[PDB]
Amino acid sequence: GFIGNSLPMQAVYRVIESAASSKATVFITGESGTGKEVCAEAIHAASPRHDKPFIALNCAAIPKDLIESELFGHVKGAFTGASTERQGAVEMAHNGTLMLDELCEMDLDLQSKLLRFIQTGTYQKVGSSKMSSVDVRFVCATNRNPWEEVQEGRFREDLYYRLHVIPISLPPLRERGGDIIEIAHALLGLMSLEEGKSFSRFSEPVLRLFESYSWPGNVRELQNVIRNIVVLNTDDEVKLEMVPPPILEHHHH
Ligand SMILES: Nc1ncnc2c1ncn2[C@@H]1O[C@H](COP(=O)(O)OP(=O)(O)OP(=O)(O)O)[C@@H](O)[C@H]1O
């Protein structure tokens, strides 16, 4: 799902092409909305395990105290809400690729257990002493500055240096050249399908604005802007009056 031929993204693609056949852990950083899960899936797709599962553990979408349960599973009655026995994400990912997305959300106690798991594939369901293991290739991602998280004592140093093997620093959208308008056009077609519309072009002022705007929310912000336009309007072309706040006003400062 990567779109873009820009110089810094072609450097990302070279990393992916050369590292994907390895089982080496890839560690992805970049600003919010830069495509870290798309990048992770592209590593999976380029790897020999492309036809096996690609599982993303989205830590910022799981209640913090339940990430362990979601990752490792749990036996019935392990804790107050453990109504059923649960299969962990690690079992879903066996023989495939496991993305630990936004893993700096994990609390220090979970990080201590993760340290075992990433070395051997060994884990226990919450509530149980029984050990199992799985075969997974890791990809990690965070929006945080990992070295700052380690310095402030929020992320384990031993864990970081065993995960941080092949780094990818995704470029922010504002540094991606022709990619902004390439992604915008692809989103215009996708959102047109989603809304039952037919947008395909941008006027010249919109092209200029989108190319120069700093996109502090990166590709998610661009997705939200295109969705806003296609939901609210019906045209073949995006016009400057359609661009939502605060794009124009922030660019003016
Ligand atoms: N290069 C790209 N080309 C096309 N679509 C992209 C690209 N990068 C990201 N996207 C789209 O943007 C959305 C966000 O991607 P992803 O979830 O990979 O981002 P993230 O960096 O993990 O950030 P967020 O934390 O905002 O979710 C997805 O719908 C994805 O398809």
# chains A, B, ... in the order shown; residues from 1 in each chain; ligands from 1

call {"tool": "residues_around", "arguments": {"residues": "residue 120 in chain A", "least_positions_apart": "2", "cutoff": "9 Å", "atoms": "only C-alpha atoms", "output": "PDB file with N, CA and C atoms, in the first residue's frame"}}
result
ATOM      1  N   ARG A 116      11.428 -11.472  27.344  1.00  0.00           N
ATOM      2  CA  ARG A 116      11.593 -12.905  27.175  1.00  0.00           C
ATOM      3  C   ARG A 116      11.075 -13.339  25.832  1.00  0.00           C
ATOM      4  N   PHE A 117       9.859 -12.899  25.517  1.00  0.00           N
ATOM      5  CA  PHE A 117       9.187 -13.353  24.325  1.00  0.00           C
ATOM      6  C   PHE A 117       9.981 -13.018  23.077  1.00  0.00           C
ATOM      7  N   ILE A 118      10.538 -11.803  22.992  1.00  0.00           N
ATOM      8  CA  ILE A 118      11.204 -11.517  21.725  1.00  0.00           C
ATOM      9  C   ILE A 118      12.499 -12.273  21.561  1.00  0.00           C
ATOM     10  N   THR A 122       8.959 -17.624  23.480  1.00  0.00           N
ATOM     11  CA  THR A 122       8.274 -18.269  24.601  1.00  0.00           C
ATOM     12  C   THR A 122       7.365 -17.304  25.331  1.00  0.00           C
ATOM     13  N   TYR A 123       6.177 -17.789  25.703  1.00  0.00           N
ATOM     14  CA  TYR A 123       5.248 -16.946  26.460  1.00  0.00           C
ATOM     15  C   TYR A 123       4.353 -17.807  27.335  1.00  0.00           C
ATOM     16  N   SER A 133       5.473 -21.700  22.744  1.00  0.00           N
ATOM     17  CA  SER A 133       6.264 -20.771  21.912  1.00  0.00           C
ATOM     18  C   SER A 133       5.725 -20.709  20.503  1.00  0.00           C
ATOM     19  N   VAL A 134       6.067 -19.614  19.816  1.00  0.00           N
ATOM     20  CA  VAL A 134       5.678 -19.383  18.428  1.00  0.00           C
ATOM     21  C   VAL A 134       6.890 -18.883  17.662  1.00  0.00           C
ATOM     22  N   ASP A 135       6.757 -18.936  16.356  1.00  0.00           N
ATOM     23  CA  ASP A 135       7.755 -18.517  15.355  1.00  0.00           C
ATOM     24  C   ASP A 135       7.219 -17.221  14.727  1.00  0.00           C
TER      25      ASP A 135
END

call {"tool": "closest_atom_pairs", "arguments": {"of": "range 126-198 of chain A", "to": "range 12-31 of chain A", "cutoff": "6 Å", "atoms": "only C-alpha atoms", "output": "CSV"}}
result
residue,atom,partner,partner_atom,distance
A:137,CA,A:23,CA,5.6
A:138,CA,A:25,CA,5.0
A:139,CA,A:26,CA,4.8
A:140,CA,A:27,CA,4.7
A:141,CA,A:28,CA,4.5
A:142,CA,A:29,CA,5.4
A:143,CA,A:31,CA,5.4
A:163,CA,A:25,CA,6.0
A:164,CA,A:27,CA,5.4
A:165,CA,A:25,CA,5.7
A:166,CA,A:26,CA,4.6
A:167,CA,A:27,CA,4.7
A:168,CA,A:28,CA,4.8
A:169,CA,A:29,CA,4.9
A:170,CA,A:30,CA,5.0

call {"tool": "closest_residue", "arguments": {"among": "A:115, A:181, A:57, A:186", "to": "ligand 1", "atoms": "only C-alpha atoms and all ligand atoms"}}
result
A:186

call {"tool": "residues_near_ligand", "arguments": {"ligand": "ligand 1", "cutoff": "7 Å", "atoms": "only C-alpha atoms and all ligand atoms", "output": "list in words"}}
result
residues 1, 2, 3, 4, 30, 31, 32, 33, 34, 35, 36, 37, 38, 39, 183, 219, 220 and 223 of chain A

call {"tool": "closest_residue", "arguments": {"among": "A:176, A:162, A:74, A:227", "to": "residue 243 in chain A", "atoms": "only C-alpha atoms"}}
result
A:227

call {"tool": "atom_distance", "arguments": {"atom1": "CA of residue 43 in chain A", "atom2": "CA of residue 174 in chain A"}}
result
23.4 Å

call {"tool": "atom_distance", "arguments": {"atom1": "CA of residue 124 in chain A", "atom2": "CA of residue 84 in chain A"}}
result
16.2 Å

call {"tool": "residues_around", "arguments": {"residues": "residue 204 in chain A", "least_positions_apart": "2", "cutoff": "12 Å", "atoms": "only C-alpha atoms", "output": "VMD selection string"}}
result
chain A and resid 181 201 to 202 206 to 211 237 to 240

call {"tool": "closest_residue", "arguments": {"among": "A:100, A:230, A:214, A:235", "to": "residue 190 in chain A", "atoms": "only C-alpha atoms"}}
result
A:230

call {"tool": "atom_distance", "arguments": {"atom1": "CA of residue 184 in chain A", "atom2": "CA of residue 222 in chain A"}}
result
7.1 Å

call {"tool": "select_by_dssp", "arguments": {"residues": "range 60-127 of chain A", "states": "strand (DSSP E or B)", "output": "list in words"}}
result
residues 73, 74, 86, 87, 97, 98, 99, 100, 101, 122, 123, 124 and 126 of chain A

call {"tool": "write_last_selection", "arguments": {"atoms": "C-alpha atoms", "output": "PDB file, in the first residue's frame"}}
result
ATOM      1  CA  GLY A  73      -3.985 -14.549  25.686  1.00  0.00           C
ATOM      2  CA  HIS A  74      -5.425 -15.530  29.066  1.00  0.00           C
ATOM      3  CA  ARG A  86      -8.562 -15.926  25.037  1.00  0.00           C
ATOM      4  CA  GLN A  87      -6.121 -16.756  22.232  1.00  0.00           C
ATOM      5  CA  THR A  97       4.939 -11.426  11.083  1.00  0.00           C
ATOM      6  CA  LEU A  98       3.946  -9.701  14.319  1.00  0.00           C
ATOM      7  CA  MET A  99       3.860  -5.882  14.369  1.00  0.00           C
ATOM      8  CA  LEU A 100       4.270  -4.398  17.862  1.00  0.00           C
ATOM      9  CA  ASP A 101       2.666  -1.046  16.976  1.00  0.00           C
ATOM     10  CA  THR A 122       8.274 -18.269  24.601  1.00  0.00           C
ATOM     11  CA  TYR A 123       5.248 -16.946  26.460  1.00  0.00           C
ATOM     12  CA  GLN A 124       2.575 -17.777  29.043  1.00  0.00           C
ATOM     13  CA  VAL A 126      -2.151 -14.532  31.577  1.00  0.00           C
TER      14      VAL A 126
END

call {"tool": "residues_around", "arguments": {"residues": "residue 196 in chain A", "least_positions_apart": "4", "cutoff": "12 Å", "atoms": "only C-alpha atoms", "output": "number ranges by chain"}}
result
A: 188-192, 230-231, 233-235

call {"tool": "write_last_selection", "arguments": {"atoms": "C-alpha atoms", "output": "compact mmCIF listing (two decimals), in the first residue's frame"}}
result
# COMPACT_ATOMS: atom_id res chain seq x y z
CA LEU A 188 -9.58 10.94 -4.04
CA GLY A 189 -10.39 7.78 -5.97
CA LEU A 190 -10.74 5.64 -2.83
CA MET A 191 -12.95 8.14 -1.01
CA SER A 192 -15.02 8.61 -4.18
CA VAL A 230 -15.53 14.23 -0.75
CA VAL A 231 -18.21 13.86 1.95
CA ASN A 233 -19.02 18.23 -1.96
CA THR A 234 -19.98 16.77 -5.35
CA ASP A 235 -17.70 17.71 -8.23

call {"tool": "closest_residue", "arguments": {"among": "A:65, A:105, A:85, A:182", "to": "residue 146 in chain A", "atoms": "only C-alpha atoms"}}
result
A:105

call {"tool": "closest_residue", "arguments": {"among": "A:216, A:127, A:121, A:53", "to": "residue 175 in chain A", "atoms": "only C-alpha atoms"}}
result
A:216

call {"tool": "closest_residue", "arguments": {"among": "A:213, A:199, A:241, A:149", "to": "residue 177 in chain A", "atoms": "only C-alpha atoms"}}
result
A:213

call {"tool": "residues_around", "arguments": {"residues": "residue 68 in chain A", "least_positions_apart": "2", "cutoff": "10 Å", "atoms": "only C-alpha atoms", "output": "PyMOL selection string"}}
result
chain A and resi 59+62-66+70-74+88-89+106-107+109-111+113-114+124-126

call {"tool": "decode", "arguments": {"residues": "range 123-160 of chain A", "atoms": "N, CA, C and O atoms", "output": "mmCIF file, in the first residue's frame"}}
result
data_model
loop_
_atom_site.group_PDB
_atom_site.id
_atom_site.type_symbol
_atom_site.label_atom_id
_atom_site.label_comp_id
_atom_site.auth_asym_id
_atom_site.auth_seq_id
_atom_site.Cartn_x
_atom_site.Cartn_y
_atom_site.Cartn_z
ATOM 1 N N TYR A 123 6.177 -17.789 25.703
ATOM 2 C CA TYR A 123 5.248 -16.946 26.460
ATOM 3 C C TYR A 123 4.353 -17.807 27.335
ATOM 4 O O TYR A 123 4.360 -19.040 27.238
ATOM 5 N N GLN A 124 3.626 -17.153 28.240
ATOM 6 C CA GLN A 124 2.575 -17.777 29.043
ATOM 7 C C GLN A 124 1.292 -16.997 28.823
ATOM 8 O O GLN A 124 1.331 -15.766 28.796
ATOM 9 N N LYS A 125 0.149 -17.685 28.724
ATOM 10 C CA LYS A 125 -1.123 -16.964 28.860
ATOM 11 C C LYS A 125 -1.223 -16.331 30.236
ATOM 12 O O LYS A 125 -0.714 -16.869 31.224
ATOM 13 N N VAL A 126 -1.866 -15.152 30.289
ATOM 14 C CA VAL A 126 -2.151 -14.532 31.577
ATOM 15 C C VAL A 126 -2.942 -15.519 32.433
ATOM 16 O O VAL A 126 -3.924 -16.126 31.980
ATOM 17 N N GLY A 127 -2.482 -15.694 33.667
ATOM 18 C CA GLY A 127 -3.128 -16.575 34.635
ATOM 19 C C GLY A 127 -2.592 -17.984 34.683
ATOM 20 O O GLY A 127 -3.118 -18.804 35.451
ATOM 21 N N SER A 128 -1.576 -18.305 33.890
ATOM 22 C CA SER A 128 -1.118 -19.675 33.727
ATOM 23 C C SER A 128 0.397 -19.735 33.756
ATOM 24 O O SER A 128 1.068 -18.896 33.168
ATOM 25 N N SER A 129 0.941 -20.778 34.382
ATOM 26 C CA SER A 129 2.382 -20.986 34.357
ATOM 27 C C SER A 129 2.834 -21.773 33.128
ATOM 28 O O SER A 129 4.037 -21.796 32.818
ATOM 29 N N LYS A 130 1.906 -22.380 32.388
ATOM 30 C CA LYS A 130 2.306 -23.197 31.245
ATOM 31 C C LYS A 130 2.982 -22.359 30.155
ATOM 32 O O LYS A 130 2.468 -21.303 29.773
ATOM 33 N N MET A 131 4.111 -22.849 29.647
ATOM 34 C CA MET A 131 4.842 -22.184 28.561
ATOM 35 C C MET A 131 4.454 -22.742 27.207
ATOM 36 O O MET A 131 4.285 -23.944 27.045
ATOM 37 N N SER A 132 4.417 -21.859 26.198
ATOM 38 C CA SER A 132 4.293 -22.229 24.803
ATOM 39 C C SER A 132 5.311 -21.397 24.027
ATOM 40 O O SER A 132 5.894 -20.448 24.569
ATOM 41 N N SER A 133 5.473 -21.700 22.744
ATOM 42 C CA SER A 133 6.264 -20.771 21.912
ATOM 43 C C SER A 133 5.725 -20.709 20.503
ATOM 44 O O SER A 133 4.990 -21.575 20.039
ATOM 45 N N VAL A 134 6.067 -19.614 19.816
ATOM 46 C CA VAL A 134 5.678 -19.383 18.428
ATOM 47 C C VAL A 134 6.890 -18.883 17.662
ATOM 48 O O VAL A 134 7.917 -18.528 18.250
ATOM 49 N N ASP A 135 6.757 -18.936 16.356
ATOM 50 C CA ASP A 135 7.755 -18.517 15.355
ATOM 51 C C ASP A 135 7.219 -17.221 14.727
ATOM 52 O O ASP A 135 6.264 -17.253 13.941
ATOM 53 N N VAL A 136 7.763 -16.060 15.093
ATOM 54 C CA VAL A 136 7.271 -14.799 14.525
ATOM 55 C C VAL A 136 8.470 -13.948 14.169
ATOM 56 O O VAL A 136 9.452 -13.884 14.911
ATOM 57 N N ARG A 137 8.362 -13.233 13.050
ATOM 58 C CA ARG A 137 9.283 -12.151 12.704
ATOM 59 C C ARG A 137 8.703 -10.838 13.204
ATOM 60 O O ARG A 137 7.530 -10.557 12.958
ATOM 61 N N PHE A 138 9.508 -10.019 13.878
ATOM 62 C CA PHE A 138 8.986 -8.813 14.477
ATOM 63 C C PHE A 138 9.197 -7.597 13.594
ATOM 64 O O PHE A 138 10.264 -7.412 12.983
ATOM 65 N N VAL A 139 8.208 -6.713 13.630
ATOM 66 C CA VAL A 139 8.366 -5.334 13.210
ATOM 67 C C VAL A 139 7.843 -4.469 14.353
ATOM 68 O O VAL A 139 6.732 -4.684 14.826
ATOM 69 N N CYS A 140 8.592 -3.466 14.790
ATOM 70 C CA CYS A 140 8.142 -2.565 15.857
ATOM 71 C C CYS A 140 7.905 -1.187 15.291
ATOM 72 O O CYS A 140 8.517 -0.819 14.297
ATOM 73 N N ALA A 141 7.043 -0.431 15.946
ATOM 74 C CA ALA A 141 6.834 0.966 15.505
ATOM 75 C C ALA A 141 6.468 1.826 16.685
ATOM 76 O O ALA A 141 5.765 1.375 17.605
ATOM 77 N N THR A 142 6.942 3.095 16.639
ATOM 78 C CA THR A 142 6.472 4.070 17.624
ATOM 79 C C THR A 142 6.548 5.477 17.024
ATOM 80 O O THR A 142 7.396 5.763 16.176
ATOM 81 N N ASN A 143 5.593 6.296 17.470
ATOM 82 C CA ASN A 143 5.542 7.757 17.268
ATOM 83 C C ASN A 143 6.448 8.521 18.199
ATOM 84 O O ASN A 143 6.646 9.732 18.011
ATOM 85 N N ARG A 144 6.879 7.899 19.288
ATOM 86 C CA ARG A 144 7.720 8.515 20.307
ATOM 87 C C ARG A 144 9.151 8.564 19.822
ATOM 88 O O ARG A 144 9.540 7.907 18.837
ATOM 89 N N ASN A 145 9.967 9.303 20.586
ATOM 90 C CA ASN A 145 11.412 9.268 20.392
ATOM 91 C C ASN A 145 11.915 8.158 21.313
ATOM 92 O O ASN A 145 11.946 8.334 22.543
ATOM 93 N N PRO A 146 12.260 6.989 20.778
ATOM 94 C CA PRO A 146 12.589 5.866 21.682
ATOM 95 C C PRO A 146 13.755 6.152 22.599
ATOM 96 O O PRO A 146 13.748 5.787 23.777
ATOM 97 N N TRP A 147 14.747 6.868 22.132
ATOM 98 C CA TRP A 147 15.864 7.125 23.018
ATOM 99 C C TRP A 147 15.453 8.036 24.170
ATOM 100 O O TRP A 147 15.930 7.857 25.297
ATOM 101 N N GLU A 148 14.514 8.960 23.931
ATOM 102 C CA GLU A 148 13.932 9.746 25.007
ATOM 103 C C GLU A 148 13.103 8.876 25.960
ATOM 104 O O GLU A 148 13.145 9.058 27.183
ATOM 105 N N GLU A 149 12.334 7.931 25.425
ATOM 106 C CA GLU A 149 11.577 7.030 26.304
ATOM 107 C C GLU A 149 12.502 6.214 27.202
ATOM 108 O O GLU A 149 12.186 5.950 28.373
ATOM 109 N N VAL A 150 13.647 5.784 26.674
ATOM 110 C CA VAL A 150 14.593 5.052 27.509
ATOM 111 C C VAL A 150 15.238 5.985 28.530
ATOM 112 O O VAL A 150 15.396 5.637 29.710
ATOM 113 N N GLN A 151 15.604 7.197 28.106
ATOM 114 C CA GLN A 151 16.281 8.120 29.017
ATOM 115 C C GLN A 151 15.411 8.483 30.211
ATOM 116 O O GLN A 151 15.896 8.544 31.347
ATOM 117 N N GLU A 152 14.129 8.732 29.975
ATOM 118 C CA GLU A 152 13.168 9.042 31.019
ATOM 119 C C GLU A 152 12.670 7.803 31.777
ATOM 120 O O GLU A 152 11.772 7.940 32.615
ATOM 121 N N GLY A 153 13.200 6.606 31.503
ATOM 122 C CA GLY A 153 12.819 5.460 32.309
ATOM 123 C C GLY A 153 11.466 4.853 32.017
ATOM 124 O O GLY A 153 10.960 4.089 32.848
ATOM 125 N N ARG A 154 10.864 5.160 30.871
ATOM 126 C CA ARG A 154 9.546 4.653 30.496
ATOM 127 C C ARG A 154 9.643 3.394 29.638
ATOM 128 O O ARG A 154 8.666 2.646 29.537
ATOM 129 N N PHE A 155 10.795 3.153 29.023
ATOM 130 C CA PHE A 155 11.009 1.991 28.156
ATOM 131 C C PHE A 155 12.338 1.359 28.510
ATOM 132 O O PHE A 155 13.353 2.059 28.623
ATOM 133 N N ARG A 156 12.340 0.046 28.631
ATOM 134 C CA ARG A 156 13.534 -0.691 29.014
ATOM 135 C C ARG A 156 14.640 -0.592 27.984
ATOM 136 O O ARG A 156 14.425 -0.815 26.795
ATOM 137 N N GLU A 157 15.844 -0.300 28.470
ATOM 138 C CA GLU A 157 17.006 -0.198 27.594
ATOM 139 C C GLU A 157 17.398 -1.544 26.987
ATOM 140 O O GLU A 157 17.688 -1.614 25.781
ATOM 141 N N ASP A 158 17.355 -2.642 27.767
ATOM 142 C CA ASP A 158 17.759 -3.923 27.217
ATOM 143 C C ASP A 158 16.821 -4.334 26.085
ATOM 144 O O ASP A 158 17.271 -4.806 25.024
ATOM 145 N N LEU A 159 15.527 -4.108 26.284
ATOM 146 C CA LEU A 159 14.523 -4.439 25.296
ATOM 147 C C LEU A 159 14.734 -3.613 24.023
ATOM 148 O O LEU A 159 14.713 -4.147 22.900
ATOM 149 N N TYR A 160 14.940 -2.302 24.169
ATOM 150 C CA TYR A 160 15.144 -1.445 23.001
ATOM 151 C C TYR A 160 16.309 -1.926 22.144
ATOM 152 O O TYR A 160 16.195 -2.016 20.915
#
